[PDB]
$ cat structure_28.txt   # compact mmCIF, C-alpha atoms and all ligand atoms
# COMPACT_ATOMS: atom_id res chain seq x y z
CA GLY A 458 76.95 74.66 105.85
CA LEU A 459 80.06 72.77 104.41
CA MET A 460 81.74 75.76 102.59
CA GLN A 461 84.82 76.58 104.78
CA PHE A 462 87.17 79.52 104.01
CA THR A 463 90.94 78.72 103.97
CA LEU A 464 93.82 81.20 103.95
CA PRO A 465 97.35 80.74 102.57
CA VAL A 466 99.65 79.11 105.20
CA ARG A 467 101.39 82.39 106.28
CA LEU A 468 98.05 84.26 106.76
CA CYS A 469 96.40 81.26 108.49
CA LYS A 470 99.28 81.25 111.07
CA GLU A 471 99.82 85.03 111.35
CA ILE A 472 96.06 85.95 111.59
CA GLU A 473 95.89 84.50 115.15
CA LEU A 474 98.54 87.02 116.33
CA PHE A 475 97.45 90.48 117.63
CA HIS A 476 100.14 92.15 115.42
CA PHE A 477 98.73 90.75 112.12
CA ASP A 478 98.64 93.25 109.18
CA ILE A 479 95.86 92.37 106.64
CA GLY A 480 98.09 93.39 103.69
CA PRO A 481 97.66 95.60 100.59
CA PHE A 482 95.25 93.37 98.58
CA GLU A 483 91.77 94.91 99.20
CA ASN A 484 90.21 91.90 97.39
CA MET A 485 91.30 89.50 100.23
CA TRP A 486 89.91 91.59 103.17
CA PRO A 487 86.33 90.20 102.87
CA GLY A 488 87.49 86.55 102.89
CA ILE A 489 89.75 87.49 105.83
CA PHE A 490 86.70 88.91 107.65
CA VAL A 491 84.52 85.87 106.77
CA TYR A 492 87.32 83.52 107.95
CA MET A 493 87.48 85.39 111.31
CA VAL A 494 83.64 85.32 111.81
CA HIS A 495 83.52 81.56 110.88
CA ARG A 496 86.27 80.68 113.50
CA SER A 497 85.06 83.24 116.18
CA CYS A 498 81.36 82.32 116.02
CA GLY A 499 80.97 79.03 114.05
CA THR A 500 80.36 78.38 110.28
CA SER A 501 76.53 78.43 110.92
CA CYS A 502 75.92 81.79 112.79
CA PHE A 503 75.56 83.78 109.44
CA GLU A 504 74.07 82.80 106.02
CA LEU A 505 77.18 83.20 103.78
CA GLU A 506 75.30 84.90 100.79
CA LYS A 507 73.78 87.55 103.18
CA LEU A 508 77.11 88.15 105.03
CA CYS A 509 78.89 88.78 101.73
CA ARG A 510 76.20 91.16 100.53
CA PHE A 511 76.38 92.96 103.95
CA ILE A 512 80.25 93.15 103.86
CA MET A 513 80.21 94.77 100.37
CA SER A 514 77.49 97.37 101.22
CA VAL A 515 79.60 98.23 104.32
CA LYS A 516 82.76 98.54 102.14
CA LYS A 517 80.79 100.81 99.71
CA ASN A 518 79.90 103.29 102.56
CA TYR A 519 83.52 103.73 103.75
CA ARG A 520 85.17 106.69 101.96
CA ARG A 521 88.60 107.14 100.33
CA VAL A 522 90.30 108.91 103.31
CA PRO A 523 93.92 108.29 104.45
CA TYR A 524 93.15 106.56 107.82
CA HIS A 525 89.40 106.08 108.71
CA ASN A 526 88.82 103.80 105.67
CA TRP A 527 87.79 100.18 104.82
CA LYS A 528 91.28 98.84 105.74
CA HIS A 529 90.99 100.40 109.26
CA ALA A 530 87.54 98.75 109.57
CA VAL A 531 88.90 95.22 108.90
CA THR A 532 92.08 95.91 111.00
CA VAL A 533 89.88 96.92 114.03
CA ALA A 534 87.70 93.76 113.45
CA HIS A 535 90.90 91.60 113.31
CA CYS A 536 92.01 92.99 116.71
CA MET A 537 88.57 92.15 118.18
CA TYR A 538 88.94 88.64 116.62
CA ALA A 539 92.35 88.16 118.34
CA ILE A 540 90.89 89.38 121.72
CA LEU A 541 87.82 87.09 121.43
CA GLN A 542 90.00 84.03 120.48
CA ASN A 543 92.41 84.60 123.51
CA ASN A 544 89.35 85.03 125.88
CA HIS A 545 87.05 82.38 124.30
CA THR A 546 85.00 81.35 127.42
CA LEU A 547 84.27 84.99 128.57
CA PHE A 548 81.73 86.05 125.82
CA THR A 549 78.28 84.89 124.63
CA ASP A 550 77.51 83.57 121.10
CA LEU A 551 75.61 86.90 120.49
CA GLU A 552 78.47 89.16 121.74
CA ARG A 553 80.95 87.39 119.38
CA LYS A 554 78.55 88.01 116.37
CA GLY A 555 77.79 91.61 117.41
CA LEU A 556 81.31 92.81 118.32
CA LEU A 557 82.87 91.69 114.98
CA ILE A 558 80.06 93.50 113.01
CA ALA A 559 80.38 96.58 115.31
CA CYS A 560 84.15 96.80 114.54
CA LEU A 561 83.58 96.39 110.79
CA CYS A 562 80.88 99.15 110.90
CA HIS A 563 82.31 101.39 113.67
CA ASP A 564 83.55 104.16 111.25
CA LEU A 565 80.95 103.95 108.39
CA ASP A 566 80.83 107.11 106.13
CA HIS A 567 83.80 108.74 107.97
CA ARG A 568 85.08 111.88 106.17
CA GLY A 569 88.31 112.28 108.24
CA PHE A 570 87.03 115.13 110.52
CA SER A 571 86.56 114.98 114.36
CA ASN A 572 83.29 115.77 116.26
CA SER A 573 84.71 119.21 117.26
CA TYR A 574 85.28 120.14 113.57
CA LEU A 575 81.62 119.13 112.87
CA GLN A 576 80.59 121.44 115.79
CA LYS A 577 82.73 124.42 114.68
CA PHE A 578 81.66 123.98 111.01
CA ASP A 579 78.01 123.72 112.27
CA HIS A 580 77.42 120.42 110.32
CA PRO A 581 73.79 119.14 110.34
CA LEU A 582 74.91 115.92 112.15
CA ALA A 583 75.97 118.12 115.16
CA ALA A 584 72.32 119.41 115.31
CA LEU A 585 70.97 115.78 115.31
CA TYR A 586 73.44 114.59 118.04
CA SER A 587 75.37 117.08 120.27
CA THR A 588 77.76 114.38 121.76
CA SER A 589 79.34 111.35 119.96
CA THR A 590 78.27 113.06 116.67
CA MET A 591 80.17 110.86 114.12
CA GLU A 592 79.61 107.70 116.30
CA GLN A 593 75.78 108.06 116.31
CA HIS A 594 76.07 108.63 112.54
CA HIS A 595 78.23 105.43 112.19
CA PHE A 596 75.57 103.43 114.11
CA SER A 597 72.63 104.81 112.01
CA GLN A 598 74.61 103.91 108.82
CA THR A 599 74.85 100.30 110.29
CA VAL A 600 71.05 100.15 110.92
CA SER A 601 70.52 101.51 107.30
CA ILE A 602 72.63 98.82 105.67
CA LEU A 603 70.96 96.15 107.94
CA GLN A 604 67.47 97.25 106.62
CA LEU A 605 68.44 96.93 102.89
CA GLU A 606 66.77 93.97 101.12
CA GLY A 607 68.75 90.72 101.61
CA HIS A 608 71.22 92.32 104.12
CA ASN A 609 69.63 91.22 107.47
CA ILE A 610 72.46 88.90 108.64
CA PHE A 611 70.54 88.67 112.01
CA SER A 612 67.22 87.44 110.41
CA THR A 613 67.51 84.02 112.25
CA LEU A 614 67.43 85.71 115.74
CA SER A 615 64.20 86.19 117.79
CA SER A 616 62.86 89.81 118.01
CA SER A 617 64.40 89.75 121.58
CA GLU A 618 67.87 88.51 120.48
CA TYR A 619 67.96 90.94 117.47
CA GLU A 620 67.30 93.82 119.96
CA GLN A 621 70.10 92.52 122.30
CA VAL A 622 72.68 92.33 119.40
CA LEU A 623 71.70 95.81 117.96
CA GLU A 624 72.15 97.22 121.52
CA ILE A 625 75.61 95.51 121.84
CA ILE A 626 76.50 97.07 118.43
CA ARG A 627 75.14 100.57 119.38
CA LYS A 628 77.04 100.70 122.73
CA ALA A 629 80.15 99.26 121.00
CA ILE A 630 80.12 101.87 118.16
CA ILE A 631 79.36 104.76 120.60
CA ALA A 632 82.32 103.61 122.77
CA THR A 633 84.77 104.46 119.91
CA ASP A 634 84.13 108.16 120.92
CA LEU A 635 87.58 108.56 122.53
CA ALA A 636 86.06 111.46 124.67
CA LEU A 637 84.08 108.71 126.50
CA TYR A 638 87.11 106.34 126.85
CA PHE A 639 88.79 108.43 129.62
CA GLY A 640 86.04 108.13 132.29
CA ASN A 641 85.32 104.57 131.10
CA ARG A 642 88.94 103.41 131.71
CA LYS A 643 88.99 105.47 135.04
CA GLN A 644 85.87 103.57 136.32
CA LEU A 645 87.22 100.15 135.19
CA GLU A 646 90.60 100.82 136.97
CA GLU A 647 88.64 101.73 140.21
CA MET A 648 86.31 98.64 139.87
CA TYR A 649 89.31 96.32 139.17
CA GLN A 650 91.50 97.62 142.06
CA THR A 651 88.73 97.50 144.73
CA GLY A 652 87.76 94.00 143.32
CA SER A 653 84.09 95.03 142.59
CA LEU A 654 84.53 94.30 138.83
CA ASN A 655 81.97 91.54 138.09
CA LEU A 656 81.50 90.32 134.45
CA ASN A 657 77.92 89.02 135.36
CA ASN A 658 76.78 92.65 136.06
CA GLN A 659 75.61 93.69 132.51
CA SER A 660 76.61 97.38 133.19
CA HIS A 661 80.18 96.11 134.00
CA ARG A 662 80.27 94.02 130.77
CA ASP A 663 79.24 97.10 128.74
CA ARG A 664 82.24 99.06 130.20
CA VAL A 665 84.70 96.15 129.44
CA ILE A 666 83.29 95.84 125.86
CA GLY A 667 83.73 99.68 125.57
CA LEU A 668 87.41 99.37 126.59
CA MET A 669 87.89 96.48 124.11
CA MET A 670 86.48 98.78 121.34
CA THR A 671 88.98 101.56 122.25
CA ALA A 672 91.79 98.93 122.27
CA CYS A 673 90.71 97.49 118.88
CA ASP A 674 90.29 101.00 117.43
CA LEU A 675 93.80 102.16 118.57
CA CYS A 676 95.36 98.81 117.54
CA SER A 677 97.54 100.47 114.83
CA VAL A 678 99.77 101.58 117.81
CA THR A 679 100.23 97.81 118.71
CA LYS A 680 101.69 96.58 115.37
CA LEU A 681 105.33 96.03 114.45
CA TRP A 682 107.20 99.39 114.28
CA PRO A 683 107.38 99.56 110.42
CA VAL A 684 103.52 99.21 110.21
CA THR A 685 102.89 101.67 113.13
CA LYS A 686 105.26 104.25 111.53
CA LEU A 687 103.54 104.07 108.07
CA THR A 688 99.98 104.06 109.59
CA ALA A 689 100.91 107.22 111.65
CA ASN A 690 101.60 109.09 108.32
CA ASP A 691 97.99 108.11 107.36
CA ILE A 692 96.28 109.49 110.53
CA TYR A 693 98.42 112.69 110.40
CA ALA A 694 97.28 113.30 106.77
CA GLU A 695 93.66 113.47 108.08
CA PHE A 696 94.78 115.57 111.11
CA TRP A 697 96.54 118.13 108.81
CA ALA A 698 93.54 118.22 106.37
CA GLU A 699 91.28 118.97 109.40
CA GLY A 700 93.70 121.66 110.63
CA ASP A 701 93.62 123.14 107.10
CA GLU A 702 89.76 123.26 107.33
CA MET A 703 90.07 124.86 110.84
CA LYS A 704 92.28 127.70 109.38
CA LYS A 705 89.61 128.10 106.64
CA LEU A 706 86.98 128.77 109.40
CA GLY A 707 89.26 131.45 111.02
CA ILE A 708 90.48 129.20 113.86
CA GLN A 709 94.13 128.45 114.66
CA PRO A 710 94.12 124.63 114.99
CA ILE A 711 95.83 122.79 117.90
CA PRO A 712 99.49 122.00 116.92
CA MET A 713 98.74 118.25 116.38
CA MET A 714 96.43 119.29 113.43
CA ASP A 715 98.85 121.98 112.10
CA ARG A 716 100.92 120.69 109.12
CA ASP A 717 103.27 123.70 109.60
CA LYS A 718 104.27 121.80 112.84
CA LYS A 719 105.32 118.40 111.29
CA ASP A 720 108.54 118.68 113.43
CA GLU A 721 106.42 118.29 116.67
CA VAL A 722 105.03 114.84 115.62
CA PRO A 723 107.46 112.51 117.53
CA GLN A 724 106.81 114.46 120.80
CA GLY A 725 103.04 114.42 119.85
CA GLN A 726 103.16 110.55 119.77
CA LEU A 727 104.99 110.41 123.18
CA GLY A 728 102.03 112.47 124.48
CA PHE A 729 99.49 110.11 122.80
CA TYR A 730 101.15 106.84 124.04
CA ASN A 731 101.60 108.13 127.64
CA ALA A 732 98.11 109.75 127.89
CA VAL A 733 95.89 107.32 125.86
CA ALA A 734 97.42 104.14 124.45
CA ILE A 735 99.58 102.94 127.40
CA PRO A 736 96.79 103.52 129.98
CA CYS A 737 94.23 101.86 127.58
CA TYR A 738 96.21 98.59 127.08
CA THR A 739 97.37 98.51 130.79
CA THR A 740 93.76 98.57 132.13
CA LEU A 741 92.75 96.00 129.38
CA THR A 742 95.58 93.58 130.33
CA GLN A 743 94.49 93.90 134.02
CA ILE A 744 90.84 92.93 133.12
CA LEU A 745 91.72 90.45 130.26
CA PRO A 746 95.26 89.10 130.95
CA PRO A 747 95.60 87.27 127.57
CA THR A 748 95.51 90.77 125.85
CA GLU A 749 99.08 91.42 127.17
CA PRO A 750 100.74 91.17 123.72
CA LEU A 751 98.86 94.45 122.82
CA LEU A 752 100.43 96.21 125.87
CA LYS A 753 103.87 94.76 125.11
CA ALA A 754 103.69 95.86 121.41
CA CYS A 755 102.42 99.37 122.48
CA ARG A 756 105.41 99.84 124.91
CA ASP A 757 107.84 98.78 122.08
CA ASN A 758 106.38 101.47 119.77
CA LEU A 759 106.53 104.17 122.57
CA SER A 760 110.22 103.25 122.92
CA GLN A 761 110.63 103.46 119.06
CA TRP A 762 109.21 107.06 119.15
CA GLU A 763 111.73 107.90 121.97
CA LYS A 764 114.52 106.67 119.64
CA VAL A 765 113.13 109.03 116.91
CA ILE A 766 113.21 112.08 119.32
CA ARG A 767 116.88 111.27 120.23
CA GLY A 768 117.97 111.20 116.51
CA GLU A 769 118.62 107.35 116.78
CA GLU A 770 116.08 106.99 113.86
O1 LIG B 1 98.10 109.90 117.26
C1 LIG B 1 96.90 109.95 117.54
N1 LIG B 1 96.38 110.93 118.32
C2 LIG B 1 97.07 112.03 118.90
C3 LIG B 1 98.30 112.64 118.53
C4 LIG B 1 98.55 113.67 119.38
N2 LIG B 1 97.52 113.70 120.27
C5 LIG B 1 97.34 114.65 121.38
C6 LIG B 1 97.40 113.90 122.72
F1 LIG B 1 98.70 113.37 122.80
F2 LIG B 1 97.08 114.70 123.81
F3 LIG B 1 96.42 112.96 122.84
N3 LIG B 1 96.62 112.68 119.95
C7 LIG B 1 95.91 108.89 117.14
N4 LIG B 1 94.61 109.15 117.37
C8 LIG B 1 93.67 108.24 117.10
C9 LIG B 1 92.22 108.58 117.36
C10 LIG B 1 91.75 109.23 118.66
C11 LIG B 1 91.87 110.09 117.39
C12 LIG B 1 94.01 106.98 116.57
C13 LIG B 1 95.34 106.69 116.30
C14 LIG B 1 96.32 107.64 116.60
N5 LIG B 1 97.67 107.42 116.35
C15 LIG B 1 98.25 106.43 115.54
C16 LIG B 1 99.65 106.19 115.59
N6 LIG B 1 100.21 105.24 114.82
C17 LIG B 1 99.45 104.52 114.00
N7 LIG B 1 98.13 104.74 113.95
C18 LIG B 1 97.47 105.65 114.69
MG MG B 2 85.69 106.67 114.64
ZN ZN B 3 88.15 103.77 114.08
$ encode --input "structure_28.txt" --output "structure tokens" --more "lines below"
Ligand SMILES: O=C(Nc1ccn(CC(F)(F)F)n1)c1nc(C2CC2)ccc1Nc1cncnc1
Ligand SMILES: [Mg+2]
Ligand SMILES: [Zn+2]
Amino acid sequence: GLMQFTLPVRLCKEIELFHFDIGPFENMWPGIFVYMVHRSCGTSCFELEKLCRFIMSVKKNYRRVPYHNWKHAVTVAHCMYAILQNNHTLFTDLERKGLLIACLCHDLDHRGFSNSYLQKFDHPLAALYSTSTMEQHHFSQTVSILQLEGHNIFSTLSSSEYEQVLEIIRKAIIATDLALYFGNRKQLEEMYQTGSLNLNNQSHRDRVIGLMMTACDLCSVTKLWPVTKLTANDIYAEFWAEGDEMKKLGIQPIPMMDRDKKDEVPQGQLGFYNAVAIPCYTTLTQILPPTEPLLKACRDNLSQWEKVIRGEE
């Protein structure tokens, strides 16, 4: 119980900030995750030997893809850590445990293809689950790793509590289906504006946790411009691979996935920021006012993409 994790001074300061980048040293990401769980939860919540074994099985089942990789996993967990630390009274001891594991696991075994490519390709996973295809896969990968010998980080919980935390995790991982985000944000907006939003209603919590997951998942659009710019090259590399695989099936891809249309990218990001990211972080700031630095950093990047369009960079 007396084995604290420390970080170098710059990381220890900078990790509390929403805009933190976890850096290029893979070998430090686990200790970064353990440090975040230990401060977010308490040093006790997880048996350190089990956590570490769980972290490394999770790392093993992320693939070597440009964007939806191990680094994205720990990045999305860091964003959740920032949110939880700036809203510390709002969430239960179980939610804090669950949400950081959810974020770490939310993209397990991702191959860099969307749900619609799975459907067009006729992948087996699309037969198993018609909606939220990859996301139900990501959850079942989480359950798999949890059922490996010596990996049950939730062993200490009652049957009841274990069921509650697996259901937080399932809803949280499903909520990273951006198709679901649109209605979910729409309903939260309506509930907030009419003043019916009530964080004691469990179905209202679920929605707010869903919006948090979208926010954490998109958080590469809320970093400092140089990090957002380089991370965008990563997601577009998957997009263009997927477009390539669309052409292989006899299907003209949408322009966003078409690498012959690299020129359209800056205008593509305007679209994305206006239609997804700005509305996401606006609604989140309304519900959780301490999350405002994510909205501010998102607006700055939107304005950086406008400068790109106008030849100013
Ligand atoms: O850019 C993304 N999605 C786009 C682009 C164009 N459209 C069409 C539109 F605009 F209608 F939505 N959608 C994007 N998507 C995602 C996931 C939902 C797929 C995550 C990050 C993303 N971006 C990014 C930028 N910088 C640094 N990291 C990630
Ligand atoms: Mg995903
Ligand atoms: Zn993700």
$ closest_residue --input "structure_28.txt" --among "A:649, A:519, A:477, A:738" --to "ligand MG 2 (chain B)" --atoms "all atoms listed in the file"
A:519
$ residues_near_point --input "structure_28.txt" --point "(74.8, 99.8, 99.7)" --cutoff "12 Å" --atoms "all atoms listed in the file" --output "count of residues only"
24
$ residues_around --input "structure_28.txt" --residues "region 534-539 of chain A" --least-positions-apart "5" --cutoff "8 Å" --atoms "all atoms listed in the file" --output "JSON, numbers by chain"
{"A": [472, 473, 474, 475, 477, 490, 493, 494, 497, 556, 557, 558, 560, 561, 669, 670, 673, 676]}
$ residues_near_ligand --input "structure_28.txt" --ligand "ligand ZN 3 (chain B)" --cutoff "6 Å" --atoms "all atoms listed in the file" --output "NGL selection string"
:A and (525 or 564 or 674)
$ atom_distance --input "structure_28.txt" --atom1 "CA of residue 728 (chain A)" --atom2 "CA of residue 678 (chain A)"
13.0 Å
$ residues_near_ligand --input "structure_28.txt" --ligand "ligand LIG 1 (chain B)" --cutoff "6 Å" --atoms "only C-alpha atoms and all ligand atoms" --output "short mmCIF file (atom, residue, chain, number, x, y, z; two decimals) with C-alpha atoms, in the coordinates of the input"
data_model
loop_
_atom_site.label_atom_id
_atom_site.label_comp_id
_atom_site.auth_asym_id
_atom_site.auth_seq_id
_atom_site.Cartn_x
_atom_site.Cartn_y
_atom_site.Cartn_z
CA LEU A 635 87.58 108.56 122.53
CA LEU A 675 93.80 102.16 118.57
CA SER A 677 97.54 100.47 114.83
CA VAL A 678 99.77 101.58 117.81
CA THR A 685 102.89 101.67 113.13
CA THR A 688 99.98 104.06 109.59
CA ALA A 689 100.91 107.22 111.65
CA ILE A 692 96.28 109.49 110.53
CA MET A 713 98.74 118.25 116.38
CA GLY A 725 103.04 114.42 119.85
CA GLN A 726 103.16 110.55 119.77
CA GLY A 728 102.03 112.47 124.48
CA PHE A 729 99.49 110.11 122.80
#
$ closest_atom_pairs --input "structure_28.txt" --of "chain A" --to "ligand MG 2 (chain B)" --cutoff "8 Å" --atoms "all atoms listed in the file" --output "tab-separated table"
residue	atom	partner	partner_atom	distance
A:525	CA	B:MG2	MG	7.0
A:563	CA	B:MG2	MG	6.3
A:564	CA	B:MG2	MG	4.7
A:567	CA	B:MG2	MG	7.2
A:591	CA	B:MG2	MG	6.9
A:592	CA	B:MG2	MG	6.4
A:595	CA	B:MG2	MG	7.9
A:633	CA	B:MG2	MG	5.8
A:634	CA	B:MG2	MG	6.6
A:674	CA	B:MG2	MG	7.8
$ closest_residue --input "structure_28.txt" --among "A:752, A:648, A:698, A:631" --to "residue 667 (chain A)" --atoms "only C-alpha atoms"
A:631
$ axis_aligned_box --input "structure_28.txt" --around "region 651-665 of chain A" --padding-each-side "4 Å" --output "lines of an AutoDock Vina configuration file"
center_x = 82.2
center_y = 94.0
center_z = 136.7
size_x = 21.1
size_y = 18.0
size_z = 24.0
$ residues_near_point --input "structure_28.txt" --point "(90.2, 87.7, 130.7)" --cutoff "12 Å" --atoms "all atoms listed in the file" --output "ChimeraX atom specification"
/A:540-548,654-656,662,665-666,669,740-749
$ atom_distance --input "structure_28.txt" --atom1 "CA of residue 717 (chain A)" --atom2 "CA of residue 576 (chain A)"
23.6 Å
$ closest_residue --input "structure_28.txt" --among "A:469, A:658, A:577, A:644" --to "residue 705 (chain A)" --atoms "only C-alpha atoms"
A:577
$ atom_distance --input "structure_28.txt" --atom1 "CA of residue 569 (chain A)" --atom2 "CA of residue 695 (chain A)"
5.5 Å
$ residues_around --input "structure_28.txt" --residues "residue 575 (chain A)" --least-positions-apart "2" --cutoff "12 Å" --atoms "all atoms listed in the file" --output "compact mmCIF listing (two decimals) with C-alpha atoms, in the frame of the given file"
# COMPACT_ATOMS: atom_id res chain seq x y z
CA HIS A 567 83.80 108.74 107.97
CA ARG A 568 85.08 111.88 106.17
CA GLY A 569 88.31 112.28 108.24
CA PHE A 570 87.03 115.13 110.52
CA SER A 571 86.56 114.98 114.36
CA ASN A 572 83.29 115.77 116.26
CA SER A 573 84.71 119.21 117.26
CA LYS A 577 82.73 124.42 114.68
CA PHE A 578 81.66 123.98 111.01
CA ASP A 579 78.01 123.72 112.27
CA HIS A 580 77.42 120.42 110.32
CA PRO A 581 73.79 119.14 110.34
CA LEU A 582 74.91 115.92 112.15
CA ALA A 583 75.97 118.12 115.16
CA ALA A 584 72.32 119.41 115.31
CA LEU A 585 70.97 115.78 115.31
CA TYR A 586 73.44 114.59 118.04
CA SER A 587 75.37 117.08 120.27
CA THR A 588 77.76 114.38 121.76
CA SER A 589 79.34 111.35 119.96
CA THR A 590 78.27 113.06 116.67
CA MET A 591 80.17 110.86 114.12
CA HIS A 594 76.07 108.63 112.54
CA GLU A 699 91.28 118.97 109.40
CA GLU A 702 89.76 123.26 107.33
CA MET A 703 90.07 124.86 110.84
CA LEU A 706 86.98 128.77 109.40
$ closest_residue --input "structure_28.txt" --among "A:681, A:693, A:532, A:489" --to "residue 463 (chain A)" --atoms "only C-alpha atoms"
A:489
$ closest_residue --input "structure_28.txt" --among "A:496, A:764, A:643, A:704" --to "residue 727 (chain A)" --atoms "all atoms listed in the file"
A:764
$ closest_residue --input "structure_28.txt" --among "A:711, A:759, A:508, A:751" --to "residue 730 (chain A)" --atoms "all atoms listed in the file"
A:759
$ decode --input "structure_28.txt" --residues "region 730-757 of chain A" --atoms "C-alpha atoms" --output "CSV table (one decimal), in the first residue's frame"
chain,number,residue,atom,x,y,z
A,730,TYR,CA,-14.8,21.1,-35.9
A,731,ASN,CA,-18.1,23.0,-36.7
A,732,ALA,CA,-20.2,19.8,-36.9
A,733,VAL,CA,-18.7,17.5,-34.2
A,734,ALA,CA,-15.9,18.9,-32.0
A,735,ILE,CA,-17.2,22.5,-31.2
A,736,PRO,CA,-20.8,21.2,-30.4
A,737,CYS,CA,-19.3,18.3,-28.3
A,738,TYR,CA,-17.1,20.6,-26.1
A,739,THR,CA,-19.8,23.4,-25.9
A,740,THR,CA,-22.5,21.0,-24.5
A,741,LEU,CA,-19.8,19.4,-22.1
A,742,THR,CA,-18.7,22.9,-20.7
A,743,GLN,CA,-22.4,23.7,-20.1
A,744,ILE,CA,-22.9,20.4,-18.1
A,745,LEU,CA,-19.4,20.4,-16.5
A,746,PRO,CA,-18.1,24.0,-16.4
A,747,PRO,CA,-14.5,23.1,-15.3
A,748,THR,CA,-14.1,21.3,-18.7
A,749,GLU,CA,-13.9,24.8,-20.4
A,750,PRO,CA,-10.2,24.5,-21.3
A,751,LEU,CA,-11.1,21.7,-23.8
A,752,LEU,CA,-13.6,24.1,-25.5
A,753,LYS,CA,-11.1,26.9,-25.5
A,754,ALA,CA,-8.3,24.7,-27.0
A,755,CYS,CA,-10.8,23.3,-29.6
A,756,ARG,CA,-11.7,26.9,-30.8
A,757,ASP,CA,-8.0,27.8,-31.0
